[PDB]
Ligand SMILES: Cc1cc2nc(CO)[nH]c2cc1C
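Next up: a single chain in structure tokens, the form deposited without this ligand.
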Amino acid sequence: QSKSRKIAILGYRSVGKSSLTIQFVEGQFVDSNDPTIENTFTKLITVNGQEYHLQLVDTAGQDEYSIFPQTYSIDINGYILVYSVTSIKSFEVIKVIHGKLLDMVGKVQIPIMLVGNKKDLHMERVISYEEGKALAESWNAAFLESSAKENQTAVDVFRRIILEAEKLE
């Protein structure tokens, strides 16, 4: 049997939302992408013996002034909130996006996963692992660091959001 679940991937511009999603879906790293308008993939994945049809909504980068789109606040089973460990701006912005998201969804509990991407860029890192982890803990959210170059880290991100969604019955 298969379960159908819809996941939105959100964050600031150029944090690697598309590259992470593509690494998961297609198993390859894309060196340069167009800025996203909106893409949607359906990917088969098994989590704890359960097969899922994952509908993955890869969204346009938002900044702190972006209206959080209402279409992403209904009928979504899980959220992946992505920043880059190389960008302080992306980290400030993900805090704003999170607040707007929580406003939109209202009194329904939603699974949220915070992801610090581009961890392979050691020389450009400006955010520690610990600051990301502390933020996730304050949100009661899952936390992982990832690299879109590293297939296992991308797979782990999508498995984890599913694990978290399942916990909410």
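Throughout, we count residues from 1 along the sequence that is shown.
Below: the form deposited with this ligand bound, not depicted.
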How would the site be scored, open or blocked, if this ligand were superimposed onto this chain using its pose in the deposited complex (blocked means 3 or more ligand atoms within 2.4 Å of backbone or C-beta)?
-> blocked
Which one of these stretches, 47 to 55, 106 to 114, 66 to 74, 125 to 133, sits within 4.5 Å of this ligand in the deposited complex when only heavy atoms are counted?
-> 66 to 74
Hey, in the deposited complex, does residue 60 get a heavy atom within 4.5 angstroms of this ligand?
-> yes
Residue 165: touches this ligand in the deposited complex, heavy atom cutoff 4.5 angstroms = no
Decide whether residue 137 counts as a contact residue for this ligand in the deposited complex under a heavy atom distance cut-off of 4.5 Å.
-> no
Quick one: is residue 38 in contact with this ligand in the deposited complex, heavy atoms, 4.5 Å cut-off?
-> yes
